[PDB]
Protein chains: 4
Amino acid sequence: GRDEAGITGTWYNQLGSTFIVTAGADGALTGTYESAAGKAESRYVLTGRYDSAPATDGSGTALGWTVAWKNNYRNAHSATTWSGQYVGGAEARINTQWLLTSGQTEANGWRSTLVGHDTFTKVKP
Amino acid sequence: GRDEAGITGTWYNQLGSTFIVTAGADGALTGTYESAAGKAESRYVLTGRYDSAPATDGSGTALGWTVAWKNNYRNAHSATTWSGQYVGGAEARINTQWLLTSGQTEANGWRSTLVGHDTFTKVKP
Amino acid sequence: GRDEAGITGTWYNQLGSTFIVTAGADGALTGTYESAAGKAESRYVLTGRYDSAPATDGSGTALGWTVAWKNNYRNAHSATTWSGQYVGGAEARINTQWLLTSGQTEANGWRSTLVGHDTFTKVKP
Amino acid sequence: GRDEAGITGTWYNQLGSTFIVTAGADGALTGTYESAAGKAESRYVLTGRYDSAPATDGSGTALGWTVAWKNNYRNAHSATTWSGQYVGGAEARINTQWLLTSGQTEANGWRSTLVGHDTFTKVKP
Ligand SMILES: O=C(CCCC[C@@H]1SC[C@@H]2NC(=O)N[C@@H]21)NC1CCN(c2ccncc2)CC1
Ligand SMILES: O=C(CCCC[C@@H]1SC[C@@H]2NC(=O)N[C@@H]21)NC1CCN(c2ccncc2)CC1
Ligand SMILES: O=C(CCCC[C@@H]1SC[C@@H]2NC(=O)N[C@@H]21)NC1CCN(c2ccncc2)CC1
Ligand SMILES: O=C(CCCC[C@@H]1SC[C@@H]2NC(=O)N[C@@H]21)NC1CCN(c2ccncc2)CC1
Ligand SMILES: [Cl-]
Ligand SMILES: [Cl-]
Ligand SMILES: [Cl-]
Ligand SMILES: [Cl-]
């Protein structure tokens with residue numbers, strides 16, 4: 001992986017959530033997520049993928065991951081996906097937008113999905 | 001997994017893409033994705049998560065997955081995340097919304113992410 | 001307006017909501033919206049814009065509109081924007097994706113916005 | 001309008017775009033938008049709506065607006081909708097997420113819509 005070394009490690013977003021990830025040489029992301037917001041407690045499993053051979057023209061590295069919000073402490077019957085890109089350097093960042101879907105009945109499916117954006121950095125707010 | 005049996009298998013969306021997935025007892029999703037649209041050829045790895053203990057009131061099962069659009073044939077420097085829910089029964093479906101992020105420079109990050117929606121069923125269009 | 005005649009009139013979405021709109025020669029959209037779903041009763045004002053000189057290569061006509069969910073009967077402290085395109089012909093359609101923002105405190109702004117998609121046609125479901 | 005006075009005026013986002021708006025007592029937004037990014041030149045008409053009787057518990061004021069990207073200088077065959085909320089006070093802000101739809105053929109409709117987020121303040125970056 002080109003940014004295997006750059007992506008692997010601990011990241012923090014603007015809410016104070018903590019994203020711990022290992023980028024594998026093949027394109028795998030694995031790790032844990034702890035949200036500072038919402039119906040969440042302690043760490044949750046995450047998994048995702050990244051482009052292991054990004055362009056070399058200054059473009060970011062595309063990636064995504066998923067958390068289902070069930071662990072031994074809580075189940076929020078929901079899942080978030082973050083889609084974004086890693087941008088390396090002295091002020092490295094993972095810039096994302098996310099979709100948070102809740103389990104809903106038929107009648108309520110139209111209101112099942114929240115959208116937002118998180119920016120992750122290597123130092124915490 | 002409650003819908004481990006229901007989610008595992010082959011799904012098809014409205015574009016004719018094919019989503020092959022195994023749901024693990026823990027909440028894992030693993031499999032392959034073949035897109036009928038866009039800068040894609042053959043199968044790509046996917047990974048994701050689902051709620052393995054959904055509500056029993058008729059609500060769907062929340063889930064999500066990621067594809068990074070790199071394989072041995074093509075690299076589109078991009079990744080899609082699908083966030084949605086599985087709804088079982090005779091007309092089982094996975095209803096999703098997705099975010100497709102491309103690697104972009106600084107100047108172009110504002111235009112890095114497409115949004116859309118896919119509906120997957122067990123029989124093809 | 002090129003599709004002034006095509007856009008003007010009554011449209012219905014998959015939820016059974018009714019969208020009544022007048023497209024002005026300049027690019028204006030004005031009208032009323034009645035939602036079959038959610039915290040809504042009777043008609044609400046809408047306003048928006050469309051491309052009054054679309055491409056002639058078979059592409060759709062880009063457009064958007066807003067409803068704030070306050071009228072004399074109800075206030076849901078929220079607003080939806082639909083962004084999409086009109087596609088003319090015998091099976092004319094307005095294909096959209098929408099963002100529904102609620103008024104929220106600081107602590108809750110991350111969960112203020114729902115996302116979805118509506119397809120409008122000239123005949124009702 | 002409760003925040004008629006607060007919303008009316010000039011706002012600037014993180015890209016340096018300028019949003020000039022008048023909030024009417026009824027819930028109307030009218031004005032002009034000048035984008036610092038993308039296929040845009042000079043000012044474009046906008047129109048939208050806001051909640052003219054927001055909650056009084058510290059929640060923001062929901063609102064939305066549309067720009068179709070046609071004026072006398074340029075036509076980008078596209079339209080953006082911003083959905084968000086006004087938050088008053090010494091550091092007043094309009095926090096938004098947006099959908100930017102381009103006119104596309106049938107074959108390409110799946111890739112017609114960009115998503116992002118803008119934060120507007122009364123002082124420029
Ligand atoms: O709060 C969570 C789980 C934690 C999400 C944390 C989010 S992930 C994006 C953002 N970035 C973070 O770092 N943290 C936040 N899930 C909800 C979803 C909406 N829910 C319902 C309930 C009833 N009807 C509809 C919807 C209730 C449960
Ligand atoms: O086409 C793909 C990869 C395949 C995506 C297939 C998509 S996934 C959601 C939907 N459901 C499917 O089943 N299939 C489609 N990626 C693009 C993204 C945008 N790209 C750029 C290039 C230059 N600047 C900006 C953006 C070009 C590459
Ligand atoms: O239901 C409505 C107003 C009517 C929306 C109708 C929607 S527009 C897109 C779709 N297409 C239609 O044709 N119809 C639907 N608004 C909500 C939003 C979420 N709300 C809260 C409350 C508390 N906390 C958070 C959020 C409650 C009020
Ligand atoms: O660039 C613009 C018009 C100006 C948009 C400015 C955007 S509004 C949200 C953000 N906040 C701002 O303040 N400024 C930006 N429109 C594009 C859309 C994508 N386009 C295509 C072309 C071909 N195929 C697919 C898509 C090309 C034209
Ligand atoms: Cl609910
Ligand atoms: Cl580009
Ligand atoms: Cl609330
Ligand atoms: Cl194109």
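All values below were derived from every heavy atom in this structure, side-chain atoms included, with hydrogens, water molecules and symmetry-related copies excluded. In what follows, chains are A, B, ... by sequence order, proteins preceding strands, each numbered from 1.
Residues B:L100 and B:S78 have side chains in contact (heavy-atom distance under 4.5 Å, counting atoms from C-beta outward). Using a 4.5 Å heavy-atom cutoff, the side chains of C:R49 and D:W65 are not in contact.
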Please tabulate, for side-chain N and O atoms in residues 88-95 of chain D, each donor-acceptor pair with protein atoms closer than 3.5 Å (sequence neighbours left out).
| unit_1 | atom_1 | unit_2 | atom_2 | d |
| --- | --- | --- | --- | --- |
| D:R93 | NH1 | D:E91 | O | 2.9 |
| D:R93 | NH2 | C:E106 | OE1 | 2.9 |
| D:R93 | NH2 | C:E106 | OE2 | 3.1 |

Atom pairs and distances, side-chain donor-acceptor, residues 17-25 of chain D, under 3.5 Å, sequence neighbours left out:
| unit_1 | atom_1 | unit_2 | atom_2 | d |
| --- | --- | --- | --- | --- |
| D:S17 | OG | D:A36 | N | 2.9 |

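Between the side chains of C:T80 and C:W69, at least one donor N or O lies within less than 3.5 Å of an accepting N or O.
Judged purely by atom type and a 3.5 angstrom limit, A:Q104 has no side-chain atom pairing as donor or acceptor with the backbone of A:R111. Although no hydrogens or angles enter the test, the distance criterion places no donor-acceptor pair under 3.5 Å between the side chain of C:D51 and the main chain of D:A68. Under the 3.5 Å distance criterion, the side-chain polar atoms of C:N75 are matched with a main-chain donor or acceptor of D:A53.
Contact detail for C:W110 and A:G38: the closest heavy-atom pair is CZ2-CA, 3.6 Å. The minimum heavy-atom distance between C:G60 and C:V87, with the atom names listed, is CA-CG2, 4.4 Å. The two atoms that bring C:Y50 and C:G1 nearest to each other are OH-CA, 3.4 Å, heavy atoms only. What you find for C:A79 and D:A62 is that their closest heavy atoms are N-CB, 3.7 Å. Contact between A:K39 and A:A76 at its shortest, heavy atoms only, is O-CB, 3.4 Å.
With sequence neighbours excluded, no residue forms a side-chain hydrogen bond (donor to acceptor under 3.5 Å, both in side chains) with D:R43. By the side-chain hydrogen bond (donor to acceptor under 3.5 Å, both in side chains) test, A:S59 pairs with A:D57, sequence neighbours left out.
Applying the side-chain hydrogen bond (donor to acceptor under 3.5 Å, both in side chains) rule to pairs touching residues 112-125 of chain D yields A:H117-D:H117, C:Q97-D:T113, D:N13-D:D118, D:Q14-D:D118, D:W82-D:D118, D:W98-D:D118, D:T101-D:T113, sequence neighbours excluded. Pairs passing the salt bridge (charged side-chain N to carboxylate O under 4.0 Å, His left out) check and including a residue from residues 59-75 of chain C, sequence neighbours excluded, do not occur.
Distance check, rounded to the nearest 0.5 Å: CZ of C:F120 to OG1 of C:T96 gives 5.0 Å. Rounded to the nearest 0.5 Å, atoms OG1 (C:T10) and CD (C:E34) are 11.0 Å apart. The CG atom of B:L63 sits 7.5 Å away from the OG atom of B:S83 when rounded to the nearest 0.5 Å. The OG1 atom of B:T81 sits 12.0 Å away from the CG atom of B:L46 when rounded to the nearest 0.5 Å. Rounding to the nearest 0.5 Å places CD of D:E4 at 12.0 Å from OG1 of D:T61.
Between D:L99 and the options D:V115, D:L114, D:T66, a side chain to side chain contact (heavy atoms under 4.5 Å, CB included) holds for only D:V115.
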